[PDB]
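Undergrad:
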Ligand SMILES: [Zn+2]
Ligand SMILES: [Zn+2]
Ligand SMILES: [Zn+2]
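Residue numbers (PDB author numbering), protein chains in the order written: chain L, 8 to 110; chain 7, 53 to 93; chain x, 1 to 79; chain u, 398 to 415, 442 to 1304; chain Y, 32 to 126; chain v, 112 to 276, 277A, 278 to 332; chain y, 2 to 101; chain z, 12 to 112; chain 1, 2 to 123; chain 8, 458 to 601.
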């Protein structure tokens, strides 16, 4: 399932703050439901402090509109290129700007 | 069990307290207590 | 005739069959007349309270029994 | 065939009338429509997207929004209950039971009722829907009066359902709806379901009349039955009313007897009607009333025997069978001369109707033979000359053992036939049937043998018959297929009736067992071990202990199994060996048997755990000297992991094993183990060691567990404090009168428990004070109880059910120990308090004290002075001598 | 209110009262039943009946208004018949 | 010593088949007495005679010869006395003698007869019958003794004799305290006693099975 | 019982019918649901002990093995001299477990 | 053949909004005769239709071979409506013999 | 009651196929040496030829017996059919039970003793 | 319909108990008579409060428990604290080692001292009368 509520998310933040970065079984040994891989997925998806999960701008959108036309797929390829780096916020921006261009 | 003292609120486990740092911000409502402590900024 | 008076017995939450208990909106005269009937049944149930009440007057036992029996209907008075 | 009027009367509103080729694919206009609605709540099936179609669009409530959406959020509730996760189910159920007065009766019932009309349901879904129905019946009293018929046409096929639990639930919900809606609404509702052409709804409506008559009593709607049984326009109404009488008589047992005569005076207007069905069901109603009476009212059926006699003389067919059922049920109610005359001049009809081909008449005469031969009338040679030879000729077949109502009735008649005639006369006629190639027929013969030999005995069986029955039951034991245990109890009853007379049979049977105990390991091994556990008793009473010593060292190491179902029977056989034989004289001694039991203890199968810890408890109270004193300390840690087993027999035996362990090796080392079992986070592991703290408190002497139990409250954890309080509760509950010295020691703990902020400490402390008040009653310890009730009494105001029933138990326990006077003084100046929330609770506390001890309050009442009109002074106690 | 002057069914006949009640229930609900005629029959079998229970059981079938005038017509005929030693109401003594 | 639970008054059939224990209010319990083949007493389940809002003044057993046993008791309804505040409804709520017949064939208790009293009685007296005499109950009341027996026998009333000019009667009544039944195997009499100690010799003499008249006389002090 | 509050007792008059308990509920009290200190036999009515309902357990309705008892805590509180404590209904327990 | 299935009905979900009248008549008269259609007014039911026929085999031909068929670019699904309720029962109809059979 | 014996004889065969009963003790060794079968619930429009045509699938009936009434009637509903072999009666009671011909359903049972004019249950 | 606290104070012979909520009862005279009866205790003060009577005890941290002297003179407290301090230092390897290879004789004090402490040396605690009802604070009013 992986509902990933905030009470486990802040514990995972404290566990990354104390132990380390490539140290995952020792911090997944204290969550009662999750393994190392799903914690890796959320921490490289939502809990890294370099993730710009808000403040959508103008320059990155006009960058990605003729970058999602170079390749229609491969959103995780262009995720270090944009700098948004969440790899799912780009999909939300793409479908939202295509809903706004159709309406 | 855990307790926030200015909050006067209970928390059953650890993550119940350490997610209570963003909601019902009385930590900015201690500005009135700081103004009572010192009349100037 | 009657109008909207059809309240039958209802959900048996506790089956309060015991008379003299009372409920939340019980008035004063109800629990007082149950108190006086309970006192009269305590008088006639015990032989000794009957003896103590038969010492003062010169009445017999059955006279005091029938007097305290006929005073079970309306001991206090009209509502 | 439909017209437009019926067509728009059927549908609801909200509608109006009015090789090949290859090119490409193209970019669409985002065809991603919401096929499944906006969330995760359940999954939605394709048959549920008609009734639950309306959540598929997002509401966003504006400009299309009356109050009505609040009365149809219940669509989402039924969605989240019917296919959702059980936390979501119970959340939606509590929410709809809290707002059932707010939703109403219109939208709620017209969305619930057509859901169960669909033919694609599930039994769990129907159970959840009737759970919604009877949990909204508690809140919707006196509001469901027009909607009775639409409920019943949905409910009714639950009464004829195949499973028994759904029938019980249907009877309960129709009884609750009858108590909610009254009587005249039910009669005015279910009246046009009598003249209907469908026999399903007519039979089930008659059953509905029967269950509402059992709910609301007989003479409230007895004029309805008297009305419907004597109308002459169609025979269906009289058939329905006599069917109502029949299901009333078979539904409620003996409370129909005081209203028997006023019910039976109806029934003689039948039996002479021109319809065969009406006469047949009238005979069935007389039979049902005779079965219900048992044996009262024989002078009330006196107007019934003459048309029954005329019908068994002149009529034949199913009417003869119903008349014979009625007479055979009436004759046990009757005095000896008249019942003997009705018995001796009916057996010719029974011998004539033994040639009947139909199975139902076979069942009827099979029930008639039971009750018509048991009192005084028929003798031995009469039956064994002409009644039983056609009985063994025509009824002991294979088709009658298949139907269970015919399977049980044959043996249930054969029991009374063996009571009347004898043992070997029946058995020696069916002893050769134990070698048949049919399993169910041999099971019927085995049930016949076990019931005859358990009721009568075995003295009538001679030496010319016992080897036949022993060889037959051994051959039946060798070739059984199913996992039934009726043959096991049959063999046990046979060997218990034999006793000493089975002495030239035990080597053959035990050799058959010892060869049988391998048998491919295709799960035929638990039967041999259970057979040893049954034959453990009879070999000690036959003076045989050498073969016990032979098989003890066999079952000592046939417990190295991988099958738990075999290992449980092995442990049960070894348990029976340890029971029937003295423990210090067994060839697998306790010195090396319990260490072989210790790896078996780490098996998480419930039967293995049960038999293992029962044998461990038998060793712990009768063999505690065969160890090195280190084993009872290393198994009590494993007995912590032996918990959280869901049978309640393991969890009630293991605390006794803890108690006898502490009786063996002292209550100072297992004590720290039982206190370390109090930080688990899981239930069924902290209360099951709480009981173990109680058992170590009560088996060996006190003052060995109490200082550390006082000490553990200083540990700042919730679970250990709740555990020590509940252990004090079970402690005083188990000791009773021995708490007269320890009340003053735990009173400073109970004042801190009742002083504590959490309500769990206060409800456990109320349980402690309750069990203490029930323990020190009559000993002169009323001061500490009056101290603790001063802290119990502010906890009355809590609204949680567990804490209010805990403090109510504490109040009704302290009612007797310190006296009803202090309880009444605590009740005073709180009776007429204007806040209703304290008022009704103090009145019901006064009701509990009033019903608990009424006369003790007579000396405890205060004085109430007179008003202007009435006399409120008890003048009798006022004067003196 | 008016249904409380206590009665005694031993002072009244029964077979002269049944076709009048049959004609009245023919007038009220339009057609003919036989279960309600036997309802009135079985509730007038007892010597001390309950008029309020009769009113509830006839309010259940009917609208609620028809049972009012039905009781208000069925009651004074029973009173006028039980005051007489014969047991016939004034609607049938004259006609 | 409650109002609800029985124990206050007791009655038994003189043949020894049933026994009724009775409270003041709302319940009267009936046990059926039998004997099985060890010459041993057996008692069945308690039968119910519940009657809510009803007082019980005194219960007695009626002697019947191999008939369903009957228990006579004085009952009084008080719901119209408590629901009406006018006071006069509590003045015309006179006593009702009620007969409870135990059908041993049907195993229940039913209210068979309930006849009112224009006077107020305190306790009752069993009259032996069957093949002995006019089986019934005698009702003692203030200045009166009453015979009632159902069916055809009317209410025979006899005023209680007072003394000549004794100085104890401003307005007072006069009741009994004792019954003292006796059967001398030729006739049967009652040595009744009033509250002053005057024994009354009550003797029934009937020409038919119907009662003709009752009579009594001063016996002793 | 006290564990499931939706269970109601029969509460009618008690006769001479001795109550029974099954092998799963042996030793259990009816009111307080305890195991220790038995004092008083259980008397139930004739309607709850009739026909197929004889030899039947009080709580679960299974086949009875041992006799039923009251505790001394129910004895001195006189919860044995009330109506017959036969559990009639069965709701939300051992019913939905059959469907699961 | 098939008793336990109600007929004379067909439920249509995910209908295009551009239906003036004609395309439902074309599709549902291509397969045979028709009784009528029902078009909703609620913006949920706008795009959800009922249709009643005159023949059973035409309804089977629609349902067994129209599931998963592509139309104007909002693909539809078919179901069987369950007739369970009404709003007013009809009365005072004569329906006499009238010398017909 | 008139057609629940169809369900009873069907549940017998369902219990036989559920418990796994071999053919030596599957209810047909008790009715040996008899090719007679009883019919129940036949409509009144059936002649003897149509009964022969509908029950000659597993073998021709050697001896037919319809219940023709004396003077005023034509039929009652019962029938006796005597085949050649007893296994034909086995297959007829196992296969021709539960079917319907023009409305009312029919039932097949065994006779095993002798033909009777009226003893059975209508 | 409801006479106020003025007449309900003037008519009653004991006016020192009547409150402002006593007017809104259904029979105030017998209410203030049972408020002036001899040995009754009052209703606790939280029928009108909204704090559930103990949820205002948030920030006050109390000591866990004060043991009495006849338990502290047995030596169970020091041994219990010593074994807890020994147990908190253990890892799961040791807690599984002495689970299956246990050591005994840890406390092993005696049998007679507990007998003499709970039977001979029994200390009578400080109890109170029936009229001492428990309100919210009740320990910060030790000034009396
Ligand atoms: Zn049980
Ligand atoms: Zn108990
Ligand atoms: Zn019962």
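Cβ coordinates follow ideal geometry from the N, Cα and C atoms, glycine included.
Helix, strand or coil: which one does DSSP assign to residue 119 (chain v)?
TA: In the sixth chain, residue 119 (chain v) corresponds to position 8, counting from 1. Here residue 119 (chain v) sits in coil by DSSP.
Undergrad: Can you list, in chain order, the residues of the segment 14-26 of chain y whose Cβ is nearer than 7 Å to any Cβ on chain v?
TA: 14, 16 and 17
Undergrad: List, in chain order, every chain u residue whose beta-carbon is nearer than 7 Å to that of residue 70 (chain Y).
TA: Counting from 1 along the fifth chain, the entry for residue 70 (chain Y) is found at position 39. Here the neighbours are 646 and 650.
Undergrad: Identify whether residue 1248 (chain u) lies in helix, strand or coil by the three-state DSSP scheme.
TA: Counting from one through the fourth chain, the residue named residue 1248 (chain u) turns up at place 825. In the structure shown, residue 1248 (chain u) sits in a helix (DSSP, three-state: H, G or I).
Undergrad: Between the C-alpha atoms of residue 528 (chain 8) and residue 39 (chain y), what's the straight-line distance to the nearest angstrom?
TA: Start at 1 with the first residue of the tenth chain, and residue 528 (chain 8) comes out as number 71. Start at 1 with the first residue of the seventh chain, and residue 39 (chain y) comes out as number 38. The straight-line gap from Cα to Cα measures roughly 34 Å.
Undergrad: Consult DSSP for residue 45 (chain 1) and reduce its assignment to one of helix, strand or coil.
TA: Counted from its first residue, the ninth chain places residue 45 (chain 1) at position 44. Coil, per DSSP.
Undergrad: Residue 202 (chain v): buried (16+ other C-beta within 10 angstroms of its C-beta) or exposed?
TA: In the sixth chain, residue 202 (chain v) corresponds to position 91, counting from 1. Its Cβ having fewer than 16 others within 10 Å, residue 202 (chain v) is exposed.
Undergrad: Whose Cβ in chain 8 lies nearer than 7 Å to the Cβ of residue 1257 (chain u)?
TA: Counted from its first residue, the fourth chain places residue 1257 (chain u) at position 834. Ordered by position in chain 8, the residues that pass the 7 Å Cβ test against residue 1257 (chain u) are 478, 481 and 482.
Undergrad: Could you tell me the alpha carbon to alpha carbon distance between residue 44 (chain L) and residue 15 (chain L), rounded to whole angstroms?
TA: Position 37 of the first chain, counting from 1, holds the residue named residue 44 (chain L). Position 8 of the first chain, counting from 1, holds the residue named residue 15 (chain L). The straight-line gap from Cα to Cα measures roughly 15 Å.
Undergrad: Would you mind reading off the limits of the beta strand (DSSP E) that contains residue 1305 (chain u)?
TA: Any answer about residue 1305 (chain u) is impossible in this case: the structure gives chain u only from 398 up to 1304.
Undergrad: Using 8 Å as the limit for Cβ to Cβ distance, is residue 1292 (chain u) near chain x?
TA: Taking the fourth chain and counting its residues from 1, the one referred to as residue 1292 (chain u) is at position 869. Taking Cβ atoms only, chain x reaches closer than 8 Å to residue 1292 (chain u), which makes this a yes.
Undergrad: Within the present structure, is the beta-carbon of residue 85 (chain y) separated from the nearest heavy atom of ligand 3 by less than 7 Å?
TA: The residue labelled residue 85 (chain y) in the question sits at position 84 within the seventh chain. Correct: residue 85 (chain y) has its Cβ closer than 7 Å to ligand 3.
Undergrad: When DSSP builds the beta bridges, which residues end up paired with residue 413 (chain u)?
TA: Against the fourth chain, residue 413 (chain u) aligns to sequence position 16. Residue pairing for residue 413 (chain u): DSSP places it in a beta bridge opposite 50 (chain z).
Undergrad: What are the residues in the segment 666-690 of chain u lying within 7 Å of chain v by C-beta distance?
TA: For the segment 666-690 of chain u, the residues whose beta carbon sits under 7 Å from a beta carbon of chain v are, in order, 680, 681, 683 and 684.
Undergrad: Nearest to residue 225 (chain v) by CA position, among 121 (chain Y), 92 (chain Y), 79 (chain Y) and 90 (chain Y), is which residue?
TA: For the purposes of this step, residue 225 (chain v) is taken as the residue at position 114 of the sixth chain. Answer by Cα proximity: 79 (chain Y).
Undergrad: Say the cut is 7 Å; is the CB of residue 30 (chain y) nearer than that to a heavy atom of ligand 2?
TA: Walking along the seventh chain from the start, residue 30 (chain y) turns up at place 29. Yes; taking the cut-off as 7 Å, the Cβ of residue 30 (chain y) has a heavy atom of ligand 2 nearer than that.
Undergrad: Quick one, which residues of the segment 38-50 of chain y are near chain v if we go by CB-CB under 8 Å, in chain order?
TA: 46 and 47
Undergrad: Does the beta-carbon distance from residue 86 (chain L) to residue 75 (chain L) come in below 8 Å?
TA: By one-based count along the first chain, residue 86 (chain L) stands at place 79. By one-based count along the first chain, residue 75 (chain L) stands at place 68. Not in contact: residue 86 (chain L) and residue 75 (chain L) (Cβ atoms no closer than 8 Å).
Undergrad: For residue 740 (chain u), go through chain 1 and note every residue whose CB falls closer than 8 Å to its CB, in chain order.
TA: Here residue 740 (chain u) is taken as the residue at index 317 of the fourth chain, counted from 1. Contact note: residue 740 (chain u) reaches chain 1 through 122 and 123, using a C-beta cutoff of 8 Å and chain order.
Undergrad: Within 8 Å, do at least three Cβ pairs link the segment 1171-1186 of chain u to the segment 1223-1241 of chain u?
TA: yes
Undergrad: With DSSP collapsed to three states, give me the class of residue 518 (chain u).
TA: As a first step, residue 518 (chain u) must be located in the fourth chain, where it is residue number 95. If DSSP states are grouped into helix, strand and coil, residue 518 (chain u) belongs with the helices.
Undergrad: Please confirm if residue 6 (chain x) has its CB atom under 8 Å from at least one CB of chain Y.
TA: Within the third chain, numbered from 1, the residue matching residue 6 (chain x) stands at position 6. Cβ-Cβ to chain Y under 8 Å: yes for residue 6 (chain x).
Undergrad: Does the beta carbon of residue 812 (chain u) sit closer than 8 Å to a beta carbon anywhere in chain 1?
TA: Here residue 812 (chain u) refers to the residue found at position 389 when the fourth chain is read from its first residue. No, residue 812 (chain u) lies away from the interface with chain 1 (no Cβ there is under 8 Å from its Cβ).
Undergrad: Given residue 1127 (chain u), which residues of its chain have a CB within under 6 Å of its CB, disregarding the five upstream and five downstream residues?
TA: For this step, residue 1127 (chain u) is matched to residue 704 along the fourth chain. When the five nearest sequence neighbours on each side are left out, the beta carbons in the same chain lying within less than 6 Å of the beta carbon of residue 1127 (chain u) are those of 1090, in order along the chain.
Undergrad: Can you name the start and end residues of the beta strand (DSSP E) that residue 65 (chain y) belongs to?
TA: Along the seventh chain, read from residue 1 onward, the residue named residue 65 (chain y) stands at position 64. Residue 65 (chain y) -> beta strand (DSSP E) spans 65-68.
Undergrad: Could you give the C-beta distance for residue 75 (chain v) and residue 174 (chain v), rounded to a whole number, given that I count them as a contact under 8 Å?
TA: Residue 75 (chain v) lies beyond the range of chain v shown here (112 to 332); nothing can be said about it.
Undergrad: Compute the distance between the beta-carbons of residue 475 (chain 8) and residue 465 (chain 8), then report whether it is under 8 Å.
TA: As a first step, residue 475 (chain 8) must be located in the tenth chain, where it is residue number 18. As a first step, residue 465 (chain 8) must be located in the tenth chain, where it is residue number 8. Yes; because the gap between Cβ atoms is below 8 Å, this pair is in contact.
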